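Have a look below at one chain only, the form deposited in one PDB entry, in structure tokens format.
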């Protein structure tokens, strides 16, 4: 798009003090911080509250259960200051709707995964990815996760999604295409930022390369 785009740090380290260090030093160059289970299991879910004072936090919990337990997971995420949560579309509309319902209580957002950026995502997810877009839209999801590693599919997802927010992982370690910026609203980068000698410099340079 023509509009301002985000750089989102996937803070996949396994020490909370290290996470805080990295977030603080790259803060000038990143718009939101995505936290996944390796960090939350290592540091405690409370790490999201601490990180949220630096940038808004996406709870990347890949919620993928029946509605009852999915509801509880979403609630815990929002109780711990997450601005948004990530849910798998493949587990069905009932879970999508319930996670969206919990989110609304908190003014939070829900992102539905279409297909993973890894090769494994092609085995089952790719076949239903566009249908997931449809279901996520109908369920009231606020956005989508879609892969930079399959640019032709990312374009197709954008066409099906309209102006729905799309966040794209895969650039850097997974060798995704920087052309993803044409279709994405936010670019997610983990290793390309934190697994470096100078994370702040890498984040700075990524913005330049992506032209965002």
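Numbering follows the first chain given and starts at 1. For clarity, a rigid core is taken as the largest C-alpha set superposing within 1.5 Å between two forms. Shifts are known only where both forms have a C-alpha.
Quick note: we don't show the form deposited in another entry, though the next part is all about it.
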query: C-alpha displacement of 2 Å or more between the shown form and the other one on the rigid core, among 42, 52, 36, 177; finding: 177
query: Note on residue 177-residue 187 C-alpha separation in the other form, which departs from the shown form by 3 angstroms or more; finding: closer
query: Note on residue 177-residue 186 C-alpha separation in the other form, which departs from the shown form by 3 angstroms or more; finding: closer
query: Shared-residue segments moving between the shown form and the other one, Cα shift 2 Å or more over 3+ consecutive positions, core-fitted; finding: 170-177
